[PDB]
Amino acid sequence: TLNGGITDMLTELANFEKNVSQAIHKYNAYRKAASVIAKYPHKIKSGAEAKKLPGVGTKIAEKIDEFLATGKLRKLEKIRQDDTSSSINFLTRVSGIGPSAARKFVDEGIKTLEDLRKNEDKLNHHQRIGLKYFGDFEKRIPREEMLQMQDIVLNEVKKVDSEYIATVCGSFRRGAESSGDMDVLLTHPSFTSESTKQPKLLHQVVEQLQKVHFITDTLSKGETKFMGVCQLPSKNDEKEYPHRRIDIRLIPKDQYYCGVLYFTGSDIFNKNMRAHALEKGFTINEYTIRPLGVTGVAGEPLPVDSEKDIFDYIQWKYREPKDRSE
């Protein structure tokens, strides 16, 4: 838990700026600072010491001085006592209630868990499922359950078409001991950057996972991205496993490396790496790495035959998945 006090302070400040202030760049600034301090292999003894790290400026240095002197932050003390703030911070924990919906709900007097359950007809489909599994979704998944979930998905995908490849990404591919959810990258040879030679490629997989009662609910679904809910089967007379979030992303098979880089994360690593790419005159998305032309208009996709090729282009030494976490 080294500099755990400081990183917890910065995360709380980030969530405030995101949820209450709707200040996305302040949110990103706080999380970048939190991530760089988490990686620092010494007990920070001063704001001046922290300020030497990239992402920590004058204002974060001053808060760290306050926090090390007093073990708290008066700004955070006040946010915690503010009723609108604490109402908004609570509601934003429901899947599908963002900053705008939370403030809207608070404006209608809907501020608590009881208030939401009374007001189900005021909730869209996503929000109703977020409410139904509120408690379940705050639970982390042990790596042991992630391996059982992997076995069901990979085995069920093989049953639809042996040409599908399914890869579990997110914190699981980074080798975390627990995961917030299950992120699945899907490829099929019939879907490339050049041609969709078969329709319902994602649909057929979702349908098989519904048929064996693994996928239990849908939050959203298009041609390339599924967002839903799944659950491990339980034994005779055992308590049921919690319901879990599942994301499935179908990526063009020739663009697998850009796709697996994106879907492995972490989010903060992606933002740091894409920001660095821009500094080096390249743009990275889940599909391609492209050069920026004279104008600032992206050029043709560069050849990529490995994750490492993307690192090479922007002149970074390769980071294994396990080294891309916070």
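Between two forms, the rigid core is the largest collection of C-alphas that superpose within 1.5 Å. Numbers for residues come from their place in the sequence shown, where the first is 1.
The higher RMS C-alpha distance to the shown form in 8 other deposited structures of this protein, out of 151-159 and 252-260, belongs to 252-260, with every structure fitted on the core. Of 16-24 and 310-318, the stretch whose C-alpha atoms sit farther from the shown form in 8 other deposited structures of this protein, after fitting on the rigid core, is 310-318.
Gaps at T224 occur in none of the other compared entries of the protein that contain both adjacent residues, all of which model it rather than a third dropping it. Of the other compared PDB entries of this protein that include residues on both sides, at least a third leave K197 without atoms. Remark: stretch with higher mean C-alpha B factor among 312-320 and 12-20 is 312-320. Between 219-227 and 104-112, it is 104-112 that carries the larger average Cα temperature factor according to the deposited entry. Out of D136, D82, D247, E156, it is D82 whose C-alpha atom has the highest B-factor in the PDB entry. For the set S171, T187, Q127, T196, the PDB entry assigns the largest Cα B-factor to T196. For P41, the recorded CA B-factor ranks within the middle third of the chain. Only modelled residues enter the ranking.
Annotation for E66: C-alpha temperature factor in the highest third relative to the rest of the modelled chain, per the entry.
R140 sits in the middle third of its chain by CA B factor, as recorded in the PDB entry. Sorting the modelled residues of the chain by their CA temperature factor places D183 in the lowest third.
When the CA B factors of the chain's modelled residues are split into thirds, the value for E286 lands in the lowest one.
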